[PDB]
Each structure stands twice: as structure tokens, then as C-alpha cells.
Amino acid sequence: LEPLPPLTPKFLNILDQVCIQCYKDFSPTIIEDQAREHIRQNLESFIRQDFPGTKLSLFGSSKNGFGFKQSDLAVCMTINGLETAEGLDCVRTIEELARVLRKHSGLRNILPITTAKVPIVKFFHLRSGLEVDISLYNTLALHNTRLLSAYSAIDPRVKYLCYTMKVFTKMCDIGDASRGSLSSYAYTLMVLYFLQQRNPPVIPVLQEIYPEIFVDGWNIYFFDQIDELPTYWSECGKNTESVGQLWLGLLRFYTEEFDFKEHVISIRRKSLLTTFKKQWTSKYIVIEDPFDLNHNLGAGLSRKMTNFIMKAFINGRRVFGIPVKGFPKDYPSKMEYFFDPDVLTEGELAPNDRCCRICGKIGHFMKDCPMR
RNA sequence: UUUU
Ligand SMILES: [Zn+2]
């Protein structure tokens with residue numbers, strides 16, 4: 001890789017400011033968050049007309065501390081008194097739920113997706129302009145939402161970096177697993193793993209600070225008493241790198257240092273995890289879910305998509321690491337300079353060979369495409 | 001391999 005020049009405090013200050021602006025510009029207002037809670041309440045009352053005892057819980061980026069304006073609304077549906085879906089017919093329930101939702105005058109384009117690993121019914125909410133996705137007894141997602149939320153509360157730099165990673169991957173168009181790339185959840189795990197492995201670490205491994213609490217066959221314990229963390233985490237407050245330093249460090253870490261072919265991105269343990277012991281040697285980008293240890297978040301990546309993703313990060317390393325003549329005085333927007341897709345992806349679009357030629361999503365043949 |  002191209003060697004990076006030495007930097008100056010003024011350029012470092014610019015990097016710090018850009019990362020913090022990613023958070024300030026794209027995090028929802030408190031009013032926008034309250035509206036998501038109101039939608040949850042409305043949907044729950046409506047569904048209760050046909051299915052009394054229905055409970056809707058928000059999860060994902062709406063609740064884990066890293067949500068964007070206009071992010072989809074991730075909803076987990078359960079039934080009061082029924083502990084698990086062990087006795088619930090999930091696919092038939094998704095279809096029954098879809099029919100009920102077609103009677104809601106404020107929703108459009110109900111679409112049940114019953115063939116996905118996690119079946120969902122998704123739809124468009126007219127008044128908010130938001131897409132909604134309802135899943136059934138998605139219990140582990142509730143817990144990794146709580147896990148990510150706790151990490152976001154340890155240090156403001158966690159939020160700043162996760163928002164910067166989110167902007168970067170969305171601008172490169174590599175943050176949608178329904179199109180064959182990686183989920184934003186997966187990229188957030190990459191940020192947390194980088195921060196855990198930093199010397200000194202910015203965050204601890206909460207699942208290794210303390211018990212066995214099992215859900216769907218997996219231990220979901222983690223240390224969530226963040227206000228008491230200085231007592232149980234010896235290295236607390238040791239890392240004093242600025243956000244901009246950490247962002248460039250992340251780009252260099254995953255282009256220069258991290259051995260994708262040898263190691264797994266795993267935030268459940270501080271000790272390095274090898275693909276060999278995991279038997280996950282078929283893929284290049286290997287990311288382990290913190291709870292569902294059989295889930296490799298990179299299992300869907302093709303070779304072309306992997307090359308595209310790595311090329312994006314290599315170009316980001318260059319743009320954020322090599323100052324340019326005329327910057328910042330000839331550029332009225334630092335955001336447009338650093339996150340220019342024509343530079344980061346060199347004008348190319350993300351590969352879509354696995355995607356339906358009609359709608360651009362994976363997972364279905366053309367006769368079952370909604371946009372036909 | 002369409003939620004997280
Ligand atoms: Zn299609």
C-alpha cells in the first residue's frame with residue numbers, strides 16, 4: 001500500500017471534526033426518536049384488535065445507540081404468556097400478520113418475506129416515510145441491541161466511530177445484505193472489534209467481565225453495569241486517542257494489519273479467534289455474532305463483493321490519510337470531499353450479480369419478484 | 001445467505 005505522510009494538528013483536528021459531524025448530522029432528533037416509539041405503540045394497538053396479547057418491541061439501530069435518520073424500524077413481535085416460538089408456527093404467523101396489516105389505512109406495500117433466515121413482514125408507513133420490518137420472537141436480536149447499546153454508552157468515541165463507519169459504508173453502497181453486501185450491524189461489530197483490540201483498548205469485552213443465561217441455546221450474558229465499569233475494567237480510560245486518530249487507525253487496521261484469512265472478527269472474546277478452529281475458512285471477511293456463534297455475518301459475500309469492499313477501504317485509507325493540495329480552503333464541504341463515492345469506489349457500482357434483475361434484491365426467482 |  002501507498003505509504004502515508006506525517007500529519008499535522010490542523011489536519012488531525014479536521015479528521016476529528018468530520019467524525020463528530022457524521023454523528024451530529026445523521027443521528028435522529030429526540031423528536032424523531034419519539035415518533036418511532038409512537039409508531040410502535042400504534043401498530044401494537046392495531047394488531048391487538050385481531051391478536052390480543054401482541055407485544056411489539058423496537059430493536060436494532062432504533063435502540064442500540066447508532067440509528068440514522070430514515071433508518072428502517074426494526075420491530076420484534078411476541079405474544080404475552082408464550083415464552084418462545086417453540087410452539088408458534090412462524091411462517092404461517094407471518095402470513096396471518098401480513099393480512100391483518102393490509103387493513104391499516106396508514107400503511108402501504110405490505111410484503112411478507114417468509115424464505116429469509118429471519119422471516120419478516122415489511123411495509124411502508126405513510127406519515128413518517130419510514131419502512132418497517134416485523135420479525136417474530138427475534139429474541140437474540142433484542143439482546144445484541146442491548147449489548148451494542150451498552151458499548152455506545154462507555155465512551156462518546158464509540159458513537160462517533162460507528163456513525164463514521166456507517167456513513168462510509170452507506171456512501172460506498174456496501175451496507176445492505178439484502179443486496180449481497182454486509183449489514184450495518186456487521187460493520188458496527190468491526191468497529192467494536194477494532195476498539196477492543198486497540199493498544200490500549202478503547203472498550204472492554206463486556207461478555208468477559210463479571211454467569212450462564214441461555215436464550216435459544218446461547219449464553220447471552222454480558223456486563224451491563226457501565227457506571228461501575230471503572231471497578232471491573234482495569235484499563236479504563238487508558239486510551240486517549242482522538243476520534244480522528246481512531247478512524248484512520250481503523251482504516252489502516254483493516255487494510256494493513258488484520259489478517260482476514262487467519263482470524264475471525266469476534267467481539268465476545270479478547271483472545272484472537274482463528275478461522276481454522278472455527279472451520280470458517282471458505283470466506284475472506286469472517287465475522288462472528290456475539291451470541292449466535294454459528295452465525296458468520298460474512299457468509300453471503302461473493303468474491304467480487306469482497307474485492308469491492310476491500311477496494312473501498314483502501315481508497316478510504318488514502319482519502320483520510322493523505323492530505324491534498326488546496327484542502328480545506330478550496331472545498332466548501334469537508335463531508336463531500338472525504339466521502340466522495342467517485343473516489344472511494346472509483347465511479348463503479350457495487351456488484352449485483354446475485355441480485356434479482358428486476359428489484360435488485362437477493363433471495364428470490366423472478367416469478368416471485370414483487371416489482372414485476 | 002433479504003432482520004439484528
Ligand atoms: Zn426481484
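Side chains included, hydrogens not; waters and symmetry mates left out as well; all remaining heavy atoms used. In what follows, every chain begins at residue 1, and chains take the letters A, B, ... in the order their sequences are listed.
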Heavy atoms only, 4.0 Å cut-off, all strands: where does [X] land among base, sugar-phosphate and nothing?
| X | value |
| --- | --- |
| A:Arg354 | base |
| A:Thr145 | sugar-phosphate |
| A:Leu297 | base |
| A:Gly363 | base |
| A:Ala299 | base |

Exercise. With a cut-off of under 6.0 Å to the ring centre and 45° to the axis, is A:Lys170 in cation-pi contact with A:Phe68?
Worked result: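 Ring-cation test returns yes.
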
Rounded distance (Å) that lies between atom [atom2] of [N] and atom [atom1] of [X]:
| X | N | atom1 | atom2 | value |
| --- | --- | --- | --- | --- |
| A:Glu288 | B:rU4 | CD | P | 19 Å |
| A:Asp353 | B:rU1 | CG | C1' | 16 Å |
| A:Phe291 | B:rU3 | CZ | P | 19 Å |
| A:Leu192 | B:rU4 | CG | P | 16 Å |
| A:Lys304 | B:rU1 | NZ | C1' | 18 Å |
| A:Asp368 | B:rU2 | CG | P | 15 Å |
| A:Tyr187 | B:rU4 | OH | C1' | 16 Å |
| A:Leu148 | B:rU4 | CG | P | 12 Å |

For this session: Return the orientation label for the A:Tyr337 and A:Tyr331 ring planes: parallel under 30°, perpendicular over 60°, tilted otherwise.
Result: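 The rings of A:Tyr337 and A:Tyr331 stand perpendicular, inter-plane angle above 60°.
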
Problem set entry | Pair of N/O donor and acceptor under 3.5 Å linking B:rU4 base with A:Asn138 side chain |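 Answer no: no donor N or O sits under 3.5 Å from an acceptor.
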
Problem set entry | Selected nucleotide, minimal atom distance to A:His295 side chain, candidates B:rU2, B:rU4, B:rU1 |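 Selected nucleotide (nearest to the side chain): B:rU4.
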
For this session: Consider the side chain of A:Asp176, meaning its heavy atoms from C-beta on, and name the nucleotide among B:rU3, B:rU2, B:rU4 that approaches it most closely.
Result: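 Selected nucleotide (nearest to the side chain): B:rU3.
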
Please say whether more than 12 non-hydrogen atoms of neighbouring residues, nucleotides or ligands are located less than 6.0 Å from [atom1] in [X].
| X | atom1 | value |
| --- | --- | --- |
| A:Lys283 | NZ | yes |
| A:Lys311 | NZ | no |
| A:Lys69 | NZ | yes |

